[PDB]
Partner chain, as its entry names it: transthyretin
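Only one chain is included here, represented as structure tokens and corresponding to the form deposited without its partner chain.
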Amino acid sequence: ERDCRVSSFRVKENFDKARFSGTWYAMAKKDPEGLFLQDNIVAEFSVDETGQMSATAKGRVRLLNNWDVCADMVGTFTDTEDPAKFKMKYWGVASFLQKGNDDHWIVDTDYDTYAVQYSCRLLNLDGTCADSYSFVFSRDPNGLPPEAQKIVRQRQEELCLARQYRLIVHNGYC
């Protein structure tokens, strides 16, 4: 039926770092194992003179089963040969927060309304993803317009993830 090989997934043709910069409100997320970013997630993308993309993220994060905190995260992106695929190094401004290095794919965007991101953290031996996450972002924290929503659904389906998202609240907790 559908091809769910990570290698088969389309990403944003000619991705434009500069156009993507600024403020992106996460509207929905598909969680990986051991989820971190919980809600109230707001991303701020930047590009420096050298053409390097970086970001910060603020939101409520899951520390222990028991509890969740407001945290500021930071990330920097290394280029690959595909201009929409990156390696993202990340850490928390607080030393004890999750840090790591994940693949960071801009699956689709129109720069001024919606973005779909995707990371496969671990492949299955059949090329399908064993452990993935995905954010759907909006420029407007009150949500996407219908045309954008519909494009986003199709991309979520193309990732083999359309059943597996939850909504992200923005209720001023942070």
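Positions refer to the first chain, counted from 1. Throughout, rigid core stands for the largest set of C-alpha atoms superposing within 1.5 Å between the two forms. Residues that one form lacks are left out of the comparison.
The following text describes the form solved in complex with its partner chain, which does not appear among the structures shown.
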| query | finding |
| --- | --- |
| In the deposited bound form, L125 touching its partner chain (heavy atom, 4.5 Å) | no |
| Heavy atom of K87 within 4.5 Å of its partner chain in the deposited bound form | no |
| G92: touches its partner chain in the deposited bound form, heavy atom cutoff 4.5 angstroms | yes |
| 4.5 Å heavy atom contact, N142 to its partner chain in the deposited bound form | no |
| Region of this chain that lies against its partner chain in the deposited bound form, out of 133-141, 58-66, 114-122, 43-51 [heavy atom, 4.5 Å] | 58-66 |
| Neighbours of its partner chain in the deposited bound form among 16-38 [non-hydrogen atom within 4.5 angstroms] | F36 |
| Rigid-core fit between the shown form and the other one, the member of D131, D110, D68, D48 whose C-alpha shifts 2 angstroms or more | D68 |
| Structural rearrangement between the shown form and the other one, runs of 3 or more with C-alpha shift of 2 angstroms or more, core superposed | 65-68 |
